[PDB]
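This report refers to the structure that appears directly beneath it.
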Amino acid sequence: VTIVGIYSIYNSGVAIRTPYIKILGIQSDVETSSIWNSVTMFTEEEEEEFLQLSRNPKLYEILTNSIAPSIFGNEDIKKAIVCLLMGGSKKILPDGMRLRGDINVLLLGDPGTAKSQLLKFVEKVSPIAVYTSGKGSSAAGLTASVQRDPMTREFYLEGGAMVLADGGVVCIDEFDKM
Amino acid sequence: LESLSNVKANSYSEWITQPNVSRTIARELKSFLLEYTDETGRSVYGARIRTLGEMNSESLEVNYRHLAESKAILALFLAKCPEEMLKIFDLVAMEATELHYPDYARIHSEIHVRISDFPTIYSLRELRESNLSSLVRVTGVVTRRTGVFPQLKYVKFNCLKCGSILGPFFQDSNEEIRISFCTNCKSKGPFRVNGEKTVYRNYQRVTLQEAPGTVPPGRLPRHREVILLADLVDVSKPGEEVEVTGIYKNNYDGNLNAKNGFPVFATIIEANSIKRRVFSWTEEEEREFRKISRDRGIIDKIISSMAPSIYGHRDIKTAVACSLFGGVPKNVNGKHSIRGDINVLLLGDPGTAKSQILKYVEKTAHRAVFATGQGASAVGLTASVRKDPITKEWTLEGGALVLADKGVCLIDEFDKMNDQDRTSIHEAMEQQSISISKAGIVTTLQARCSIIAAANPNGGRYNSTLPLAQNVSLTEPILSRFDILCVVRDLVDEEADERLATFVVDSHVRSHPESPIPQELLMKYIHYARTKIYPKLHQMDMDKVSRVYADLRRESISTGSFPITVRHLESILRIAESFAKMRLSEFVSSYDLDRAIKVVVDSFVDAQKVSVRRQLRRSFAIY
Amino acid sequence: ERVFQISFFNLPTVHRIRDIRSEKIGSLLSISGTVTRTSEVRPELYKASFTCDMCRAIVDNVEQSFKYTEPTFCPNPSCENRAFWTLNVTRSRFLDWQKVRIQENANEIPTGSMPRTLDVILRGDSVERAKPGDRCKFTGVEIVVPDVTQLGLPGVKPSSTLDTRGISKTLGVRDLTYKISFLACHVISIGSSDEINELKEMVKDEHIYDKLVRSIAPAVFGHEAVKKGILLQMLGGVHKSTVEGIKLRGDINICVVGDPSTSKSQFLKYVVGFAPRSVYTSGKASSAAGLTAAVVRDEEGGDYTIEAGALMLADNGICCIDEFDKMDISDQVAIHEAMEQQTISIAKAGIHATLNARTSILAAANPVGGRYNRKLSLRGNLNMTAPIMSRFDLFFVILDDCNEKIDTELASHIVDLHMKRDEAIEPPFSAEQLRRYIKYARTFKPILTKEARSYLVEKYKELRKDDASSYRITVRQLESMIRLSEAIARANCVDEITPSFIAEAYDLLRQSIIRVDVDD
Amino acid sequence: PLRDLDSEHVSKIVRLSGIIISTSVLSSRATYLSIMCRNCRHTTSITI
Ligand SMILES: Nc1ncnc2c1ncn2[C@@H]1O[C@H](COP(=O)(O)OP(=O)(O)OP(=O)(O)O)[C@@H](O)[C@H]1O
Ligand SMILES: Nc1ncnc2c1ncn2[C@@H]1O[C@H](COP(=O)(O)OP(=O)(O)O)[C@@H](O)[C@H]1O
Ligand SMILES: [Mg+2]
Ligand SMILES: [Mg+2]
Ligand SMILES: [Zn+2]
Ligand SMILES: [Zn+2]
Ligand SMILES: [Zn+2]
């Protein structure tokens, strides 16, 4: 963030005071977009533009070409990624069962086939995305973790990429080690 | 009076503060400042105040040798009771500045006095009860440091009966000041300080500890507390030995004397001057940089200047230089990132001068950080939230990888890391960023740094009969993120033994008591080159590069070795960029491409088994 | 103005810390103990000065007598003040003050009981005279000071109240608990002359080296190489500094490997009983704070202080570590830090510090499996870690060989020792003589010669060529050979290393490497 | 920079950059108080 305020003091050496800031304004740089801070309103110009783009007879080809134009080949992989990002349709049944609508994809291959850059691009291009490996990240777990609050000494979700990315996509590298 | 001060009326403190003798010594100090001149006849103090005024400074340094020689009596009374003469000579310096410059008070209301060259040097263990409230000069190491705090200087008070704001009253840095009489009300009721109408200064506390080398055997180092005021704050960071001149005095305030036990007191030192017991450049240096760059054979000129204290290992040193200069990062449309930091790996047998190479790199880089997979180190590899022992607040700390953003991270004993360190290293190398989800904090930190690592083979000895992947405990995902693998084998040979042994024995005999670019210029050269050079490529080398890549691929597949993949082409381009940067040129030549090709091909061939290695030596003999 | 102090000493008798009684309160006696801790020297209020409040009268030179005291009445009838005073910290005097903690002697602790401790107070010019880890004899007065901690103990505790008989009419009760302390006036440590003639006579011997070797551990049969290591560990190399700031080590480290049925511990016991500044410790009866150092921040009068550990003690000496194979990882890292850089970094309770650890380490290690499998190498038979294992410049592996003459000679020696006791020792030199010789010889700093450099180079080439066993050869062995050669040159009291001493060092180093047996 | 704040800036306006590491719970402060005297029941008010 960027903060604008007043540098002041208060009384808590011989004539020492403790500084602090009186906030006048806050400016955020946009961090950690999640499902709790989404925008579900669209400007009319954006809506009309998107409807116009939809009617394009070659939309599928353009979308396929848009996914990482800096890699050579792998048209089928890119089409798979389009289908993944779009996602299926979920159904809730009268008896309670849930039919999921998301798509899972695995990539077997030899070293140096550009299958990590595809994951990185998917991470950079999806509205919600976490990129991690098996065994998680440095000081960040891979699944939900429950911890006690340091001061109140009570339970809360400490973290976990799997829940942090709810409503998005999770990119797992080295899936065979966990 | 006139130099009659040698007559003593009573104790020195009482004598010094009489108005008549105060005026006498003030006038004589003013004459000292205005008249003193060396043999050359130049106005040393005149120039000192002139530059003070030009730079808009706040303090004048003074030499104790000159003052002693001129005015021994004043020098002695200064050494005895400096508290009063600091004020007196502060006023003298104020009037001197007023004489030289008009309305200096407009900007600065005070000019401080710094003494220098005090004849006697003490250690923290020698101070006793005969040094109290006197002038001392000690030396030690800095062990802790507080933040900067504001201290009252010109207090203004609010009357609670009438809203008058009583005028400024000076704070002497001895005890808190109070008021009791309101002029408007003629009252004595409650008062409160005015926060918004008060002027403050800077306060900082530093703990000094003796240097361990100087402590005689069998004992332990002592320590003290130091006070730094105004522009002495944030001058000496922890971990440096310094010399401090100040006034040795008790905590006369203490806490209270009703405390049970023996009536003992604690003591501090109020610093008057501090001094220490670079990578910037200028036009003068820039012209020399450019002159040295224009010469032919500058790459080999640089390589010979790496780690002078080690014999041989030319491949190691060229790789170190390449990773120490670095390439250029790229990003196409902001959606395809290519890194620019070159990573190297040292895999050698015991006793091969690897840790020395890492120490040299640490001492020569602008931002180098040292970690290890085993042993004591000032920092780990993982990010965490920890309490601050002195401030007692939660803090967010990254590892050595986060700390060395846009630098180099050195890791010793790379083969002895645990699961957490391995995960952190893998994430930093794959993504150049480190995540964290701890104690209510979710964020990502940048980890764009260069890595130089050292390790040992399984069993402590290299098995040349097996591929490199089976000689180390590391795994392919981590091992494939390096682009310069260096393998050191302690093969037994006679001439090499003569050379190394003579080097070592000569080194030892020199250090018994009783071509290469200079290093200090090399540091600035590296900094400037990284700051100012971004070489590019010409599309006319595409044919050569593609043909070489095809040849490498075909031979590798034919010989059934580890696959050659596009990563090697990217490494070649990065190394060519670094080689071009070494020359300060804006373009990549064909010679740089040839050098990068040699480096990468040699690295790839040297890491195979004996049969495959010898087969590949014949094929790629062109380089 | 001058403060004068008297110093009694040479009392007829000495008392133990375990035999102090409240009958001798306020009398002069002498005690002995081992110093555990010392504090910094601080000013002590001696003769205070006060300013009266009701009147501006001034009172000077008010005595304190072990506590903060105030004047009891205004000195003038012009003012009737009492109990209202202010302290002037600008015209009073102070004295140096230090606190020291001592501990019982090892041989004085009775059966089945833990040692005692006693506080000792130092003043004036006696301060900064004791040193932690030393044995000192004190002399002074036995005094009493308040002890607030004695509440909660059983029994009746004296209380004081003001007598209210004889006071016209028309609450200050105090507790009297105390503890015994000691305020000392003379302190001396307890461990030239005509003997320069003896020193010159003995150095002028020709076979001095053989006697020097034989007089080490005279009660142990054989094992000459271990003796020649223990010697040359007492006498060390020279510490060198490079122009670029690289420091070269001068200490020699040794490890003795054997099974529990061998006599490796006797060497350590002899060294600790003989060497000037030596400490003995066990692998499992130690701790990380037991080694290295600790910080004791509850200094009752002011700021913190540091308490030395095992490695801190015996600085510039020798440290003995039995059961070395039971050290944990953290303590192993601490020992490695001491070996690499002669410093110990202590970071606890928000306090940082650095401490010298220039020490030589004498270690005794058991084989991993209990018996030394001669089919394996040295690395396969040990439990240490590579960093510490690469810093041990000598590995003495002692094994058992059955032979009639050896067995009968050993049995005769043991039976002689039991039957004859002190009589059947007859060593060439006595412990005092060895200590004097070593003290003299540790101050020579030998130097290399032009002829010696090439000979040493050729010896290193020979050793490398022959290596191509227990463990391979690197340059570390060359540095060890230089260190050993210069140590031997010091041992022979010469200012220049000669090729003969280089050959001696090379042979000693070579003989210590054993061969791995293979089948068929 | 956060390390460049010092005495000269006291009571002025500054612009700073950094990372948030801790937010607390919401507190309550008064902006308008109605008070009464427990002896004579005299009433008044205060505005903040
Ligand atoms: N080629 C060499 N030239 C000069 N000195 C050398 C050389 N090889 C080793 N040394 C010296 O020998 C000792 C070897 O220790 P060093 O820590 O440098 O080795 P290393 O290869 O890192 O081994 P390890 O960490 O596995 O013990 C050091 O004194 C080093 O200066
Ligand atoms: N088919 C390809 N087209 C373009 N670039 C490629 C291709 N294959 C590999 N690369 C290059 O290799 C790098 C990706 O390697 P990497 O992500 O490590 O592959 P993997 O994850 O399969 O090991 C990219 O920087 C890219 O420039
Ligand atoms: Mg990959
Ligand atoms: Mg090393
Ligand atoms: Zn008023
Ligand atoms: Zn009075
Ligand atoms: Zn009322």
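Residues are referred to by chain and number: the chain letter is A, B, ... according to the order shown in the structure tokens, the number counts from 1 in that chain, and ligands are numbered separately from 1 in the order shown.
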Exercise for the section: Please determine the contact residues of chain D with respect to chain A at a cut-off of 6 Å, counting only C-alpha atoms, and supply them as a ChimeraX atom specification. Expected result: /D:10-18
Problem - Interface, chain B side, toward chain D (7 Å; only C-alpha atoms) as an MDAnalysis selection string - result: chainID B and resid 150 196 200:202 441
Residues just named, written with N, CA, C and O atoms as a compact mmCIF listing (two decimals), in the first residue's frame:
# COMPACT_ATOMS: atom_id res chain seq x y z
N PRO B 150 12.07 10.36 18.73
CA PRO B 150 12.10 11.81 18.93
C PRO B 150 12.21 12.20 20.40
O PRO B 150 11.53 11.65 21.27
N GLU B 196 2.08 19.56 19.00
CA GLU B 196 2.16 20.09 17.64
C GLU B 196 3.06 21.31 17.52
O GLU B 196 3.41 21.69 16.40
N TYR B 200 11.79 18.71 18.10
CA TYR B 200 12.43 17.52 18.63
C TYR B 200 13.76 17.28 17.93
O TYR B 200 14.13 17.98 16.98
N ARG B 201 14.49 16.28 18.41
CA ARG B 201 15.73 15.84 17.78
C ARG B 201 15.77 14.32 17.82
O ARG B 201 14.80 13.66 18.21
N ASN B 202 16.90 13.75 17.42
CA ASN B 202 17.03 12.31 17.21
C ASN B 202 17.72 11.65 18.39
O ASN B 202 18.65 12.21 18.98
N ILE B 441 -1.42 -13.78 7.34
CA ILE B 441 -0.76 -13.08 6.24
C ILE B 441 -0.71 -14.02 5.04
O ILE B 441 -0.21 -15.14 5.14
Exercise for the section: Just the strand (DSSP E or B) stuff from chain D, please, per backbone DSSP, written as JSON, numbers by chain. Expected result: {"D": [13, 14, 15, 16, 17, 32, 33, 34, 35, 36, 43, 44, 45, 46, 47]}
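The residue set within 8 Å of region 592-603 of chain B, counting only C-alpha atoms and dropping same-chain residues fewer than 5 places from it, reads residues 483, 484, 485, 486, 568, 571, 572, 573, 575, 576, 577, 579, 580 and 623 of chain B.
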Problem - For region 123-137 of chain B: contacts at 7 Å, only C-alpha atoms, fewer than 3 positions along chain excluded, given as a list in words - result: residues 79, 80, 81, 82, 118, 120, 210, 222, 223, 244, 245, 246, 247, 248 and 249 of chain B; 43, 94, 95 and 96 of chain C
Resulting file, chosen residues, N, CA, C and O atoms, as a CSV table (one decimal), in the first residue's frame:
chain,number,residue,atom,x,y,z
B,79,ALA,N,39.5,18.4,28.6
B,79,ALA,CA,39.5,17.0,29.0
B,79,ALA,C,38.9,16.7,30.4
B,79,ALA,O,38.4,15.6,30.6
B,80,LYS,N,39.0,17.7,31.3
B,80,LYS,CA,38.4,17.5,32.6
B,80,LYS,C,36.9,17.7,32.7
B,80,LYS,O,36.2,16.8,33.1
B,81,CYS,N,36.5,18.9,32.2
B,81,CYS,CA,35.0,19.2,32.2
B,81,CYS,C,34.6,19.6,30.9
B,81,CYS,O,34.5,20.8,30.5
B,82,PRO,N,34.3,18.7,30.0
B,82,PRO,CA,33.9,19.0,28.6
B,82,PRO,C,32.4,19.4,28.5
B,82,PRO,O,32.0,20.0,27.5
B,118,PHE,N,42.0,12.3,20.2
B,118,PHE,CA,42.2,12.4,21.6
B,118,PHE,C,43.4,11.4,21.9
B,118,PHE,O,43.3,10.2,21.5
B,120,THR,N,44.6,9.5,24.3
B,120,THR,CA,44.5,8.3,25.0
B,120,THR,C,43.4,7.4,24.5
B,120,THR,O,42.3,7.8,24.1
B,210,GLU,N,33.6,-5.4,23.3
B,210,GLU,CA,35.0,-5.5,22.9
B,210,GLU,C,35.2,-6.4,21.7
B,210,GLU,O,34.3,-7.3,21.4
B,222,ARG,N,33.7,-7.4,27.8
B,222,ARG,CA,32.7,-6.5,28.5
B,222,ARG,C,31.9,-5.7,27.5
B,222,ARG,O,32.1,-5.9,26.3
B,223,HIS,N,31.1,-4.9,27.9
B,223,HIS,CA,30.2,-4.1,27.0
B,223,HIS,C,29.8,-2.8,27.8
B,223,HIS,O,30.0,-2.6,29.0
B,244,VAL,N,34.6,5.6,19.4
B,244,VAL,CA,33.6,6.5,19.9
B,244,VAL,C,34.2,7.4,21.0
B,244,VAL,O,34.8,6.9,21.9
B,245,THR,N,34.0,8.7,20.8
B,245,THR,CA,34.5,9.7,21.8
B,245,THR,C,33.3,10.3,22.5
B,245,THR,O,32.4,10.8,21.8
B,246,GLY,N,33.3,10.2,23.8
B,246,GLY,CA,32.1,10.7,24.5
B,246,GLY,C,32.4,11.0,26.0
B,246,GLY,O,33.6,11.0,26.4
B,247,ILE,N,31.3,11.3,26.7
B,247,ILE,CA,31.4,11.7,28.1
B,247,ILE,C,30.9,10.5,29.0
B,247,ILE,O,29.8,10.0,28.8
B,248,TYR,N,31.8,10.0,29.9
B,248,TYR,CA,31.4,8.9,30.7
B,248,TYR,C,30.7,9.4,32.0
B,248,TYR,O,31.3,10.1,32.8
B,249,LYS,N,29.5,9.0,32.2
B,249,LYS,CA,28.7,9.4,33.3
B,249,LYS,C,27.7,8.4,33.8
B,249,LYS,O,27.4,7.4,33.0
C,43,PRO,N,30.4,1.6,40.1
C,43,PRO,CA,30.6,2.5,41.2
C,43,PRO,C,29.7,2.2,42.4
C,43,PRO,O,28.5,1.9,42.2
C,94,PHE,N,32.8,7.6,45.1
C,94,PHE,CA,32.4,6.3,44.8
C,94,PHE,C,33.6,5.4,44.9
C,94,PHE,O,34.7,5.8,44.8
C,95,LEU,N,33.3,4.1,45.0
C,95,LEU,CA,34.4,3.1,45.0
C,95,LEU,C,34.0,2.0,44.0
C,95,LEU,O,32.8,1.7,43.7
C,96,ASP,N,35.0,1.3,43.4
C,96,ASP,CA,34.7,0.2,42.5
C,96,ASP,C,34.1,-1.0,43.3
C,96,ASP,O,34.4,-1.2,44.4
Handout entry: Atomic separation - CA of residue 468 (chain B) relative to CA of residue 611 (chain B), Å
Key = 13.5 Å
Residues within 12 Å of ligand 3, counting only C-alpha atoms and all ligand atoms: report them as a short mmCIF file (atom, residue, chain, number, x, y, z; two decimals) with C-alpha atoms, in the first residue's frame.
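Full text of out06.cif as output:
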data_model
loop_
_atom_site.label_atom_id
_atom_site.label_comp_id
_atom_site.auth_asym_id
_atom_site.auth_seq_id
_atom_site.Cartn_x
_atom_site.Cartn_y
_atom_site.Cartn_z
CA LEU A 107 0.36 -33.89 -18.57
CA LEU A 108 2.78 -36.81 -18.91
CA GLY A 109 5.92 -36.01 -20.85
CA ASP A 110 9.68 -35.93 -21.13
CA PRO A 111 11.84 -33.07 -19.80
CA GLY A 112 11.97 -29.84 -21.77
CA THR A 113 8.63 -30.03 -23.61
CA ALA A 114 7.32 -26.65 -22.34
CA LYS A 115 4.72 -28.15 -19.99
CA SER A 116 5.66 -25.89 -17.06
CA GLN A 117 5.36 -22.66 -19.05
CA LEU A 118 1.80 -23.69 -19.93
CA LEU A 119 0.99 -23.98 -16.22
CA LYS A 120 2.61 -20.59 -15.58
CA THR A 132 2.25 -24.70 -6.57
CA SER A 133 3.98 -28.08 -6.52
CA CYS A 171 -1.73 -25.62 -11.01
CA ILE A 172 0.24 -28.55 -9.57
CA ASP A 173 3.79 -29.33 -10.68
CA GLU A 174 5.59 -32.59 -9.84
CA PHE A 175 2.27 -34.30 -9.15
CA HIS B 426 12.72 -25.44 -5.78
CA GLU B 427 10.02 -22.78 -5.64
CA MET B 429 14.28 -21.50 -8.88
CA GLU B 430 11.08 -22.49 -10.72
CA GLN B 431 9.04 -19.32 -10.12
CA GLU B 476 16.18 -34.12 -11.63
CA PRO B 477 13.71 -31.22 -11.08
CA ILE B 478 16.33 -29.34 -9.05
CA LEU B 479 19.41 -30.49 -10.99
CA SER B 480 17.91 -29.37 -14.32
CA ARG B 481 17.53 -25.73 -13.22
CA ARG B 567 17.16 -25.34 -22.28
#
